[PDB]
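Presented below is the structure to which this report refers.
There are 4 protein chains.
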Amino acid sequence: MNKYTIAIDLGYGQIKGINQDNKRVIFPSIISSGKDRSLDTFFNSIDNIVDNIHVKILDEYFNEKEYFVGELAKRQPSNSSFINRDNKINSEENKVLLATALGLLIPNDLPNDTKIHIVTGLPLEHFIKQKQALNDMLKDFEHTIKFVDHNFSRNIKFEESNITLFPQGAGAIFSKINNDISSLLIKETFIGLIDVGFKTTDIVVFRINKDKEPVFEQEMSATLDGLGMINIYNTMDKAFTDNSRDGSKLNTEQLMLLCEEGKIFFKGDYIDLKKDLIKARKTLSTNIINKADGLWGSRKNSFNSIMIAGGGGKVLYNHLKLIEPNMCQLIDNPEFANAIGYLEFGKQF
Amino acid sequence: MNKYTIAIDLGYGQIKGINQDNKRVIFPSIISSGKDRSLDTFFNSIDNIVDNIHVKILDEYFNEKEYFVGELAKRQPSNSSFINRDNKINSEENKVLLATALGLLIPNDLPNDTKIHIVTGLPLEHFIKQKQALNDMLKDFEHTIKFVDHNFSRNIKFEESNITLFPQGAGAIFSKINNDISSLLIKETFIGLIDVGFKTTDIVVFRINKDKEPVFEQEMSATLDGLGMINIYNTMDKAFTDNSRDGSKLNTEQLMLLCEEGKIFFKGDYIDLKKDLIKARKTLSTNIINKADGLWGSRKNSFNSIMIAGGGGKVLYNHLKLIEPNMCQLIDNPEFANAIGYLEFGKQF
Amino acid sequence: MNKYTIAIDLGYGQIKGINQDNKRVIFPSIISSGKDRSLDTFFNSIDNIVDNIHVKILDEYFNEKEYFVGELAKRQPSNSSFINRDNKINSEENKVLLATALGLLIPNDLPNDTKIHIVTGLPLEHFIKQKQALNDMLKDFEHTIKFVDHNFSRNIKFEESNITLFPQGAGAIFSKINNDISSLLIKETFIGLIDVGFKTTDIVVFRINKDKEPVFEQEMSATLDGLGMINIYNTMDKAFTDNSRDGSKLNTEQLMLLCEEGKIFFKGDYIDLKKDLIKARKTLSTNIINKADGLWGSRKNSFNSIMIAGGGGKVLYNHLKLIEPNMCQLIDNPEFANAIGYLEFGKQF
Amino acid sequence: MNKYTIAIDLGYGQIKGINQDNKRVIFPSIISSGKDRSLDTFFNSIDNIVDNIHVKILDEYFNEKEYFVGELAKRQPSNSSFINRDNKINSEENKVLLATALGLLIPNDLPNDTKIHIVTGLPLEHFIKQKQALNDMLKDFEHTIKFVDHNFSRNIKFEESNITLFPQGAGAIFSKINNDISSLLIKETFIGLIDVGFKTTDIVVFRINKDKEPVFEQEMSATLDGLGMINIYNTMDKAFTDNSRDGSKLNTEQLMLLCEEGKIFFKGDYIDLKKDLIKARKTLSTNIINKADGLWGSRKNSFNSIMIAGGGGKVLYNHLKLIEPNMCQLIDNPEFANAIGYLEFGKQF
Ligand SMILES: Nc1ncnc2c1ncn2[C@@H]1O[C@H](COP(=O)(O)OP(=O)(O)O)[C@@H](O)[C@H]1O
Ligand SMILES: Nc1ncnc2c1ncn2[C@@H]1O[C@H](COP(=O)(O)OP(=O)(O)O)[C@@H](O)[C@H]1O
Ligand SMILES: Nc1ncnc2c1ncn2[C@@H]1O[C@H](COP(=O)(O)OP(=O)(O)O)[C@@H](O)[C@H]1O
Ligand SMILES: Nc1ncnc2c1ncn2[C@@H]1O[C@H](COP(=O)(O)OP(=O)(O)O)[C@@H](O)[C@H]1O
Ligand SMILES: [Mg+2]
Ligand SMILES: [Mg+2]
Ligand SMILES: [Mg+2]
Ligand SMILES: [Mg+2]
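Residue numbers (the authors' numbering), protein chains in the order written: chain A, 1 to 349; chain B, 1 to 349; chain x, 1 to 349; chain P, 1 to 349.
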């Protein structure tokens with residue numbers, strides 16, 4: 001019958017997802033072992049299901065494992081250490097996280113003849129290179145989910161022609177602004193889109209033609225592998241150990257707490273690292289502009305709009321504005337820029 | 001219906017209880033039979049009713065059984081065994097001990113329809129295991145008490161909506177410090193509560209969130225069964241047979257008498273075990289901190305205040321200081337820490 | 001700095017309010033759907049922002065809607081019907097009217113030390129009766145405004161210890177005139193306050209003691225539900241169908257245009273009901289006197305000051321003068337006496 | 001929207017600023033620590049905000065420092081240096097002075113997308129040498145300032161293409177007299193402008209052409225570093241200590257009062273130093289005669305008008321008349337000479 005549409009993302013930083021109903025979810029890309037949560041059930045009332053995703057996922061052979069995942073995994077000390085998430089696209093780390101949002105974004109009691117289009121993405125250099133790696137993994141995806149503490153299952157199995165493949169940052173401007181920026185696009189310019197990811201920051205440019213339609217440039221656009229917010233967590237982790245002078249290491253949760261604040265609490269004291277947070281944010285923003293103008297000669301003057309996105313783009317927008325003032329603006333949903341771009345351009349099918 | 005409130009404990013070493021009117025009692029959990037106290041009545045003034053609990057207990061079948069209980073039963077040689085006491089919460093021991101502090105704290109001049117909200121406790125790990133059995137027992141409760149040598153009686157029966165079930169150490173720092181630690185809790189810290197009881201040792205933490213609300217962590221919190229003051233009494237008892245050099249052994253009253261002082265008067269002279277009293281209390285304090293850090297990795301750095309509870313921590317506070325100095329501290333009522341925590345957090349109804 | 005204060009009124013005739021800084025807004029309680037405005041921007045300049053509030057309301061769930069509200073909704077023939085708008089205080093329609101006046105009373109660029117202490121109200125009998133639903137909704141409230149044609153947003157979200165309720169016109173004479181009427185209040189004299197609104201009408205009196213301090217009379221003050229200005233609009237509608245005799249009915253605008261004028265411009269002609277206008281005005285105010293003396297037996301003889309308020313009280317001054325001439329008077333702002341009464345007696349906080 | 005005009009001066013003696021609407025401020029260039037002003041409110045009225053500048057300053061990373069600046073800081077004994085204040089134009093001291101300058105000139109009720117164009121001042125040699133140091137720091141500026149005891153904050157931010165830079169002595173004769181002295185200037189003369197600043201004195205001349213337009217001479221004009229009012233405070237410093245015959249040093253406050261009165265009240269006595277104070281101004285009056293003719297050969301006879309400026313020259317006008325008696329003349333506002341020129345000639349945009 002008619003098939004539903006759910007747009008997800010495989011971001012190493014945090015998983016970003018939305019359905020056809022615009023009901024959207026967001027949670028960090030961290031998994032852990034699952035343990036029986038009934039003692040904490042009586043003390044604090046579990047209201048936020050996204051905060052408390054204890055979950056068990058069957059295979060087709062009745063094998064399933066307990067999992068804490070996300071914020072609940074970030075409270076665990078032995079979770080996925082988040083600096084070492086598996087770069088294999090077919091990892092079980094990928095498997096649980098992929099079924100996680102699909103459990104959360106399928107509403108209750110849809111008809112079984114109504115399937116769901118899933119819309120995903122890859123980093124831009126890694127899209128065609130790893131397309132069939134994901135394509136077989138999407139067809140291999142055949143599970144059944146069970147939520148602990150909320151107790152509603154989903155049957156999850158899809159073949160080819162139920163899936164959708166467009167890169168990270170591609171449909172973010174190829175949809176959702178492409179039918180809206182027509183007042184600004186005139187002829188033979190370039191719109192600028194930079195998705196500031198956690199591991200990898202993506203640089204993507206669209207040339208507009210004579211016919212007021214976007215066309216893609218691949219020599220002026222690239223994936224910055226190893227450039228992203230992961231540099232800041234790695235930098236400030238040295239900054240805490242250099243300021244503590246003891247070898248005291250923050251955990252995984254204090255790491256992500258640090259580069260949102262710059263003021264970690266530590267043993268009756270706030271170890272002040274706000275100055276080093278200023279040091280990282282100006283350094284990374286300078287590094288993005290330099291790699292941008294590596295791809296950009298005098299065609300930077302051929303720009304008319306520069307949009308940025310990502311959670312890093314939410315927190316670097318002032319320093320990343322300095323490519324071009326009055327042209328470096330921010331997109332509406334910096335996290336969900338891929339998500340609705342996957343959604344509306346997934347509505348073509 | 002202005003329903004009354006009484007908060008009690010089921011502590012193995014002693015029973016700690018308090019009413020709505022903040023009238024509080026404390027007495028050891030030792031029972032014996034009741035025998036006719038008219039001879040000693042003319043000798044010594046039976047004045048302290050808490051010291052002299054000769055009590056008459058009916059049942060639903062009107063089977064009166066007098067009992068010496070508490071301090072007077074401790075004076076009896078044929079008392080409860082009490083060092084290998086059965087841990088059944090539905091025991092006749094616990095039927096007497098729970099009904100003991102009721103009539104000792106049920107006040108005078110109650111209305112005809114007005115009931116009493118009773119608040120009890122469980123061990124934290126066994127709160128899942130033993131929730132039914134106390135709920136079996138409190139529903140079962142239908143008796144009538146009577147006080148020998150003080151000439152008054154109480155009716156005692158309860159139903160549901162009068163029962164209240166929170167674990168040991170749950171409301172002690174949830175409430176009772178609730179508006180006081182609110183100025184201390186700031187952002188993403190844990191607070192430390194350790195109950196050093198007689199038989200059991202509890203560890204319980206609370207993550208406070210961004211929103212200044214405590215949330216519970218079941219995996220940094222456990223009941224250390226087999227660790228407590230019961231080890232020290234059992235250690236020094238064999239040490240008493242050592243330093244006496246004759247194989248002579250104490251009784252049950254001298255057992256509790258010893259490790260409150262350490263210098264037992266035996267055969268016309270003191271017997272000195274003060275060195276081994278310092279040894280065993282430091283030995284248990286070593287075992288607490290290590291098993292505390294069994295649940296506490298570098299999250300010990302995420303503490304801001306540690307409190308200790310139970311009767312043992314009051315006399316361990318110098319040796320239990322070594323957890324985190326000037327962050328660990330002593331609660332003001334080490335016995336009644338659970339009781340007032342049962343009181344106000346039991347006053348939700 | 002310190003936390004900010006806003007007093008607004010949820011009155012169903014016209015939404016009223018005045019902030020901490022004595023900026024005040026007022027607009028009728030009419031909402032409509034919003035549609036984009038660029039054409040009428042070019043013809044006629046939007047000089048008053050309150051005149052032409054096209055508004056978008058954000059949420060985290062991405063369920064934004066455009067709205068015409070107040071005067072801009074009054075010109076709409078597709079607006080709310082307003083003759084049967086439901087009194088659900090937790091309704092989404094009440095979210096539109098309440099979030100409207102928030103950013104209007106918040107000046108541009110307030111710091112984060114400022115947090116808005118809202119002071120709203122209920123009807124008198126509906127104060128205790130309908131406390132918790134609005135207590136739930138103001139606890140629930142989390143949005144962000146967007147002004148079309150003026151383009152500035154306000155993140156609006158309220159914690160507890162930021163909300164405050166009072167009954168309708170409670171501090172209107174407990175404060176705001178209480179320093180002035182100390183010349184007039186002497187000893188055990190009832191001062192009188194009447195608020196004549198659209199749906200409901202409240203009459204509240206305060207007994208003063210021997211110590212010249214006011215005290216509340218719950219048996220000499222009540223809510224006149226079903227007696228208000230809406231009955232004049234319901235009468236003048238039926239008088240117009242008695243005068244037009246076609247079956248034609250005025251819209252939501254021409255009905256509200258009538259009871260201020262009495263001479264509707266219909267079919268290019270002044271269909272007149274000036275006699276039926278005054279008769280319906282002596283109908284309502286006489287129906288107040290019976291409800292006034294329904295709460296006032298012989299105790300009317302002890303009065304010293306009758307005050308009236310409400311927008312209906314502005315247009316029924318001589319109609320309601322016959323309660324007690326040479327004593328009854330008019331407050332300075334008949335409409336804003338609720339909001340300033342919420343303001344000044346809200347300045348306890 | 002429209003971009004407003006605010007003209008300030010970075011004078012090391014006193015910061016001299018004005019908005020587009022001619023509301024102008026003046027305060028000495030001294031900062032100090034900001035501490036809790038509560039008690040001084042009740043005794044004496046905090047009316048003049050120029051008199052009582054208690055300032056909180058947020059950063060964009062929000063380090064929240066607090067300062068007394070200017071007149072209140074002059075009364076503070078622990079104030080800034082001001083006799084050897086650092087010449088770093090990018091200092092935090094210069095920022096706090098500039099933030100205080102912007103705060104009293106940015107008006108309330110300014111529309112939403114309006115901004116401000118700002119004009120600064122530079123020494124005539126240092127306008128090219130020290131150009132980009134200031135021109136980057138003004139681009140760097142994004143701070144939120146809080147004025148205590150007046151309850152209004154200012155989030156102030158500036159970017160490129162809104163700041164504007166003209167050196168000292170430029171606009172006072174290029175504008176502000178261009179409508180007036182154009183009747184006076186005829187053919188091939190030089191106009192004169194001598195800004196007697198605190199630290200540096202400014203010599204600037206304009207050649208008029210045949211076509212009655214000003215044009216600039218770089219070798220008939222220079223910046224007199226080490227020549228100005230600051231030599232008089234240095235001279236009167238040792239003039240007191242030699243006349244005290246004790247080494248008793250005046251404070252920073254009495255230093256400023258000394259060259260305004262010459263009769264300082266000291267140890268219950270007026271110490272009169274009128275002898276050296278007449279000599280010290282004539283010492284300064286001598287050192288500007290010589291530097292005038294150092295730039296002016298027989299071209300001194302090619303003059304039609306000499307103006308003087310600077311706050312020191314107001315009490316030096318008759319005493320610096322010795323160069324050209326009645327060929328020299330006086331500007332209207334010797335303090336505000338640079339700022340009104342920066343106001344008027346800064347209205348290019
Ligand atoms: N409020 C915030 N403060 C600090 N950092 C943030 C915030 N929100 C998001 N981030 C950063 O942005 C990253 C999220 O990037 P995201 O858009 O999910 O890219 P990806 O698709 O690579 O995961 C996080 O790792 C986090 O460090
Ligand atoms: N003054 C004291 N001296 C020595 N030991 C004490 C003293 N007060 C209490 N204790 C010890 O503390 C124990 C009481 O612990 P308690 O807080 O009642 O825990 P529980 O709830 O497990 O019974 C007793 O068994 C006793 O050994
Ligand atoms: N100038 C006026 N002419 C006629 N009626 C008016 C006028 N001003 C106000 N009103 C009437 O008063 C009502 C406003 O009452 P209001 O004080 O806002 O009470 P509420 O708090 O119940 O909304 C309107 O519905 C309107 O009919
Ligand atoms: N009434 C006065 N009496 C004495 N000196 C004054 C008076 N007014 C201003 N001054 C002197 O003039 C100086 C102000 O110079 P100003 O025009 O602000 O130049 P700058 O731009 O270098 O700060 C002060 O340091 C002060 O010594
Ligand atoms: Mg991404
Ligand atoms: Mg205990
Ligand atoms: Mg009203
Ligand atoms: Mg100057």
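For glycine and all other residues, C-beta sits at the position ideal for the given N, C-alpha and C.
Leaving aside the five residues that flank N231(A) on each side, the residues in its chain whose CB is nearer than 7 Å to its CB run, in chain order, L284. Ligand 3 has no heavy atom closer than 7 Å to the beta-carbon of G341(x).
DSSP, read as helix, strand or coil, puts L343(B) in helix.
Within the stretch 179-267 of chain B, the beta strand (DSSP E) runs of at least 3 residues that lie entirely inside it are, in chain order, 190-196, 201-208, 214-216 and 263-265. Within the stretch 61-79 of chain x, the residues whose Cβ lies closer than 8 Å to any Cβ of chain A are, in chain order, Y61, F62 and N63.
For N251(A), at least one C-beta of chain B is nearer than 8 Å to its own C-beta.
Taking the beta carbon of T189(B) as reference, the chain A residues within 9 Å of it are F265, listed in sequence order. In terms of CA proximity to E213(x), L185(x) leads the group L185(x), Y12(x) and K35(x).
Closer than 8 Å to the CB of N151(x) there is at least one CB belonging to chain P. The nearest non-hydrogen atom of ligand 8 is 7 Å or more from the C-beta of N94(P). Secondary structure at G17(A): strand, using DSSP grouped into helix, strand and coil. In this structure, ligand 5 has a non-hydrogen atom nearer than 7 Å to the beta-carbon of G310(A).
Residue burial annotation: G11(B) is buried, with at least 16 other C-beta atoms found within 10 angstroms of its C-beta. If you draw a 10 Å sphere on the C-beta of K65(B), you find fewer than 16 other C-beta atoms in it, and that means exposed. Residue contact check for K35(A) against chain B: a CB pair falls below 8 Å. Counted as a single uninterrupted DSSP element, the alpha helix (DSSP H) harbouring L39(B) occupies residues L39 to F43. In the structure shown, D272(A) falls within a strand segment according to DSSP collapsed to helix, strand and coil. Taking a beta-carbon distance threshold of 8 Å, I308(B) does not count as an interface residue toward chain A. Here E71(x) carries a helix assignment [DSSP, helix/strand/coil].
In this structure, the beta-carbon distance from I288(B) to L320(B) falls below 8 Å. Between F198(B) and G13(B) the beta-carbon gap is near 3 Å, inside 8 Å, which marks them as a contact. Residues of the stretch 138-171 of chain P that bring their beta carbon within less than 8 Å of a beta carbon in chain A comprise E142, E159, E160 and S161, in sequence order. The beta carbon of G346(B) lies closer than 8 Å to those of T5, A7, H117, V119, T164, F166 and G171 in the same chain, with the five residues before and after it left out. Each of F62(P), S29(P) and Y61(P) was checked against the Cα of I53(P), and the nearest Cα belongs to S29(P). In the structure shown, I173(B) adopts helical secondary structure according to DSSP, grouped into three states.
8 Å or more divides the Cβ of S221(A) from the Cβ of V196(A). Nearest in C-alpha terms to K267(A), of all of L138(B), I306(B) and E217(B), is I306(B).
Neighbours of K131(A) in chain P, taken as residues at a C-beta separation under 7 Å, are lacking, since the least C-beta distance is about 42 Å. Comparing alpha-carbon positions, the option among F68(B), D9(B) and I308(B) lying closest to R37(B) turns out to be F68(B). For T189(x) against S302(x), the beta-carbon gap comes to about 6 Å, under 8 Å, which counts as contact. At a cut-off of 8 Å between beta-carbon atoms, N112(P) makes contact with chain x. In the pairwise beta carbon analysis, the stretch 145-164 of chain B is classified as touching the stretch 91-106 of chain B: at least three pairs are separated by under 8 Å.
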